[PDB]
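Chemist: Structure provided below as structure tokens; questions to follow.
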2 protein chains.
Amino acid sequence: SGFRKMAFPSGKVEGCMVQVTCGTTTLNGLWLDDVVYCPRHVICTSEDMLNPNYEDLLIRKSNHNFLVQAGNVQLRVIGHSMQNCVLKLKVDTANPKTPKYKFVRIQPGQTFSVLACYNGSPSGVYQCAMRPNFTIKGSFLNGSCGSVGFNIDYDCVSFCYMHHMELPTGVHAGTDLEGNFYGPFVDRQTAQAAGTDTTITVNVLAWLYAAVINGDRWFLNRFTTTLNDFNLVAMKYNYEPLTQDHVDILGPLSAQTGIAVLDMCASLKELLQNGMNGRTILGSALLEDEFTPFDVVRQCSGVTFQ
Amino acid sequence: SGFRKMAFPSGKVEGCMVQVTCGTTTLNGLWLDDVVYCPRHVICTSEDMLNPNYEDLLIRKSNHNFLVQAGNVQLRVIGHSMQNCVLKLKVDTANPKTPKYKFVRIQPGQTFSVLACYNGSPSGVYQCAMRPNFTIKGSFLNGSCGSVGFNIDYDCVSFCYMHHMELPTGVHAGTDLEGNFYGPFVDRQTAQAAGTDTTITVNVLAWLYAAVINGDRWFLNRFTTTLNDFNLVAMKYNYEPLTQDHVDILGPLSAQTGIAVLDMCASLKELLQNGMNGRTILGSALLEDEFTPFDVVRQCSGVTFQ
Ligand SMILES: *C(=N)[C@@H](NC(=O)[C@@H]1[C@@H]2[C@H](CN1C(=O)[C@@H](NC(=O)C(F)(F)F)C(C)(C)C)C2(C)C)c1cncc(Cl)c1
Ligand SMILES: *C(=N)[C@@H](NC(=O)[C@@H]1[C@@H]2[C@H](CN1C(=O)[C@@H](NC(=O)C(F)(F)F)C(C)(C)C)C2(C)C)c1cncc(Cl)c1
């Protein structure tokens, strides 16, 4: 038992991380087969980032303008192109550590692991959710750009995120691995800001089920509620709507605990209207929304990856 | 910016994880050079675990009684011995992925990363603290025994923990890698229980400094306090004493934020006496004590590992 914010083992991604330097900017790249992916703003200078024309900036670059460091081994760049907001650096060596992988784009509300990196050297791993407003509450310092987010499904790494920028509230914005931003953000220095967020209701319910599985039951009750009446309360407290599909997705957890989904919604309703009254759930005094139903099943059943 | 419970990249440990089977019990082993380390209770049957004489149980075992699986490759056991509460299985192949490593024993209050594993297959990574009562609040299911805890310092893995057992409160007990239990726990089925815990004061202060670095300041105040007067409040609220050495260790964070250590103690005193009044710190409504001053510097400055 127990419930931790658990990331996927990072080894398979660690073997792909490289350092990409252009001019005086160094950031991280993802090396898969003979291509290194990195944020295209690597080609920008300080004043370039005020309002950049990336096509113009890139045509003025040369293969030799890109220094790629894989550990203590230089990688020779033999081609370069732009795909949306990422750069694809063609190199003369295919990464022998390339895992089986996919490029997937995730939904707000879904979670992933982040391998935070500096100078192509992994520093730490942690679990994030894609917020409803398409930001992530990460932990990133200068030089972290190009660090990637991912999930692992048996042996295949599904890359879903690459870090580009920090917004003024301290949250983070980036792209999928085809270079398309998550959310209404751009890789230039504007006054862009996150925009209003909501709480991921289905995840809160999943985490309440994890709590029951782990012996926290004080918030339970005999009351029930209807989906429509729950969603009136959700809207009130800035939670997003619960759909029938969410109810279906929570089925396995409902069955394992014996607590009907709508019953647990009644519990959540009471928690929202009354607070916790000094008590905690899974060591938290706040309602946690960055565990999906899948994450809960993973940790409260025990699936591995190879 | 941002502050996450961040684990070390797990790759170097993933390459050491193997499956150890004896009889009908399968658990995880740690494969370094030509030795596989695992909990000695692997040799016990259900009724053996009621009150086992491990020397007697092991003399009745044979090298061929131990099946070691490294991925889809069997490892031939050529020797076996007991070192305190771990088994050392001598195998005919040295692990080619053996990192530089050390066996270190940590102090309560210190943190480490755990690579949770099942059938020698890593499942997830997360960050733990050694509680003052020598338990850890982990996330472990059946088959997780032999999963290890560790820290990484540049390129060297300092193994500090191997998982043995779950206590009735859902917390976890285990050994260092020489097989010596953390805390007053034994690898047999008694009525053993965790025993009273305290809050790691120096860590709470470190996390308050992380909060200030990340822009949370509402809990700050002009008040100060003396070390002795703070420690009277600490004792009251089941916090452990703050020493001058703790104050010294917090020096760098104090200097980076401009908030004197004893001033931040005054802030903590007010937080303990008044609560948070509906506000949060670094996304928590509770005072967090599983980040050390080192962890805070790591994440609020940016050190990597290779
Ligand atoms: C990556 N190593 C670094 N981020 C950047 O260089 C990105 C990048 C260029 C500026 N920038 C920012 O993150 C800034 N953020 C902005 O929203 C804006 F550009 F100013 F509009 C800022 C002020 C945080 C430096 C572009 C947006 C494309 C980085 C990444 N993550 C965290 C940190 Cl501290 C730095
Ligand atoms: C490991 N794969 C598994 N743990 C065990 O088999 C350990 C082991 C034997 C029993 N045991 C326990 O964890 C039990 N805990 C006890 O405190 C006691 F033995 F009963 F006293 C129990 C009841 C949880 C199964 C010894 C203590 C040496 C395991 C590890 N972590 C979590 C889980 Cl769910 C199982």
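Chemist: Report the gain in length on full extension from B:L286 to B:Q74: 0.36 nm times residue separation, minus Cα-Cα distance, nm rounded to one decimal.
Modeler: Numbers: separation 212, 0.36 × 212 = 76.32 nm, distance 4.74 nm.
Contour length minus Cα-Cα distance gives 71.6 nm.
Chemist: Ok, one more. Amide H to amide H, which residues 5 or more places from A:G124 or on other chains are under 5 Å from it, using H placed in the peptide plane?
Modeler: Long-range HN contacts for A:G124: A:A116.
Chemist: Between segment A:230-305 and segment B:111-134, what is the separation of their alpha carbon centroids in Å?
Modeler: Spelled out, the Cα-based centre of one part sits 25 Å from the other.
Chemist: Within segment A:245-274, name every residue whose backbone N is under 18 Å away from a label modeled 7 Å from Cα of A:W218 along the Cβ vector.
Modeler: A:267-274, by backbone N distance to the label point.
Chemist: Tell me, in nm to one decimal, what length is gained between B:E47 and B:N238 on full extension, where the rule is 0.36 nm per residue of separation less the Cα-Cα distance? Intermediate results must be reported in sequence, preceding the final value.
Modeler: On the way: separation 191, 0.36 × 191 = 68.76 nm, distance 3.95 nm.
My answer for the length gained is 64.8 nm.
Chemist: Dividing the convex hull volume of the alpha carbon atoms of segment B:99-159 by its residue count, what do you get in Å³ per residue?
Modeler: Details: hull volume 5.5 nm³, N = 61.
Output value, Cα hull per residue: 89 Å³.
Chemist: State the volume of the convex hull built on the alpha-carbon positions of segment A:15-99, expressed per residue in Å³ and rounded to an integer. Before the final figure, lay out the partial values.
Modeler: Details: hull volume 7.1 nm³, N = 85.
About 83 Å³ per residue, rounded to a whole number.
Chemist: Here's another thing I want to ask about it. Please get the size of the charge dipole for segment A:15-99, origin at its Cα centre, with Cβ charges of +1 on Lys and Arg and -1 on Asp and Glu, quoted in debye to the nearest 20.
Modeler: Details: 7 positive and 7 negative charges, 36 e Å.
Its charge dipole is roughly 180 debye.
Chemist: Taking neighbour Cβ counts within 10 Å as the exposure measure, how do B:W207, B:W31 sort from fewest upward?
Modeler: On the way: B:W207 23, B:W31 26.
Lowest count first: B:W207, B:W31.
Chemist: Full-extension gain between B:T190 and B:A94, please, as 0.36 nm times their residue separation minus the C-alpha to C-alpha distance. Display every interim value, and only then the final one.
Modeler: Values: separation 96, 0.36 × 96 = 34.56 nm, distance 3.70 nm.
Result for the pair: 30.9 nm of gain on full extension.
Chemist: For B:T169, place a label point 7 Å from Cα along the Cα-to-Cβ direction in every copy; what are the distances to the other copies, in nm, shortest first?
Modeler: Ordered by increasing distance: 3.7 nm.
Chemist: Where the only charges are on Cβ atoms (+1 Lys, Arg; -1 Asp, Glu), what is the dipole of segment B:178-306 about its Cα centre, to the nearest 20 debye? Let's see the in-between values first.
Modeler: Numbers: 7 positive and 14 negative charges, 80 e Å.
That gives segment B:178-306 a dipole magnitude of about 380 debye.
Chemist: Got a sec? Charge dipole of the protein assembly as shown, +1 on Cβ for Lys and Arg, -1 for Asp and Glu; which of B:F66, A:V303, B:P168 is way out at the positive end?
Modeler: Ranked along the dipole, the leading option is B:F66.
Chemist: Under the √(5λ) rule applied to the eigenvalues of the Cα gyration tensor, what semi-axes describe the equivalent ellipsoid of the protein assembly as shown? Give them in Å, descending.
Modeler: In descending order, the three semi-axes are 37, 33, 26 Å.
Chemist: On the principal axes of its Cα set, how long, how wide and how thick is segment A:198-301? Give whole Å, largest value first.
Modeler: On the principal axes, segment A:198-301 reaches 34, 33, 27 Å in Cα extent.
Chemist: In what sequence, highest mean first, do A:48-60, B:209-221 appear when ranked by Cβ atoms within 10 angstrom? Write down the numbers at each step before the final one.
Modeler: Values: A:48-60: 12.7, B:209-221: 17.9.
Final packing ranking: B:209-221, A:48-60.
Chemist: Based on Cβ point charges of +1 for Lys and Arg and -1 for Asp and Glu, what charge dipole magnitude is obtained for the protein assembly as shown about its Cα centre, in debye rounded to the nearest 20? Let's see the in-between values first.
Modeler: On the way: 44 positive and 52 negative charges, 84 e Å.
Dipole of the protein assembly as shown, to the nearest 20 debye: 400 debye.
Chemist: If only Cα atoms are counted, what is the Rg of chain A, and what is its Dmax, in Å?
Modeler: Using the Cα atoms of chain A, the pair Rg, Dmax is 21.6, 69 Å.
Chemist: Name the residue farthest towards the positive end of the dipole of chain A from the options A:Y118, A:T199, A:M82, assuming +1 on Cβ of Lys and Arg, -1 on Cβ of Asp and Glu, about the Cα centre.
Modeler: It is A:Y118.
Chemist: Which whole-Hz couplings ³J(HN,Hα) result when phi for each residue of segment A:126-135 is put into the Karplus expression 6.51 cos²θ - 1.76 cosθ + 1.60, θ = phi - 60°, listed in order with x for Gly and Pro?
Modeler: 7, 9, 10, 10, 6, 5, x, 8, 6, 9
Chemist: Sticking with this structure for a sec: Over 21 Å between Cα atoms: which of A:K5/A:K137; A:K100/B:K102; A:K137/B:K5; A:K269/B:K137; B:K12/B:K102 fall into that group?
Modeler: Values: A:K5/A:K137 14 Å; A:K100/B:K102 32 Å; A:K137/B:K5 12 Å; A:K269/B:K137 29 Å; B:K12/B:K102 13 Å.
From A:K5/A:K137; A:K100/B:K102; A:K137/B:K5; A:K269/B:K137; B:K12/B:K102, over 21 Å: A:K100/B:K102; A:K269/B:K137.
Chemist: Still on this structure, please answer the following. May I ask which residue of A:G138, B:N95, A:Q127 lies farthest towards the positive end of the charge dipole of the protein assembly as shown, with charges of +1 (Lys, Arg) and -1 (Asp, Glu) on Cβ and the Cα centre as origin?
Modeler: B:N95
Chemist: Straight distance only, please: which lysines reach the Cα of B:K61 with their own Cα at less than 27 Å, same-chain residues fewer than 8 apart left out?
Modeler: Output for B:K61: B:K88, B:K90.
Chemist: Another question, then. What distance in nm separates the simple spin-label points at B:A260 and A:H64, each placed 7 Å from Cα in the Cβ direction?
Modeler: Once both label points are built, they end up 6.0 nm from each other.
Chemist: Straight-line reach only, C-alpha to C-alpha below 20 angstrom: list the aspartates and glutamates that A:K97 could link to, leaving out same-chain residues fewer than 8 apart.
Modeler: Those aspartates and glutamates meeting the cut-off are A:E14, A:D33, A:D34, A:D153, A:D155, B:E14, B:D155.
No lab work stands behind these numbers, since they all come straight from the coordinates. Neighbour counts run over all protein chains shown; Cβ positions are idealised from the backbone, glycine included.
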